[PDB]
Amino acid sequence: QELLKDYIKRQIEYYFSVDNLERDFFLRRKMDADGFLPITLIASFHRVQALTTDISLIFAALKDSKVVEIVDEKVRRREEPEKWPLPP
């Protein structure tokens, strides 16, 4: 599953990129004030669900990332996550 994990990792890192975040008003509305989102919400996005429905592989893919941080069931951008949340 190593190649599939790499595709999932890079797809989710795109969502958490600055270039995406500047326009991704839905993602930012769903963040809590600390920048965290449910990993299961990310799992529902079309390009992730195309690759897998195995939540364990999604967690494994993201543990490897230098872009995002996992706390329990939630994920956020590591760099300055508090700048991005928006009102629901």
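The numbering used is simple: start at 1 and walk along the sequence shown.
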Fill in the blank from the handout: Once average C-alpha B-factors are taken from the entry for 60 to 68 and 19 to 27, the winner is 60 to 68
Problem - Mean C-alpha temperature factor, higher of 79 to 87 and 2 to 10 - result: 79 to 87
Handout entry: Cα B factor band for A33 (lowest, middle or highest third within the chain)
Key = highest
Fill in the blank from the handout: Sorting the chain's modelled residues by C-alpha B-factor and splitting them into thirds places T53 in the highest
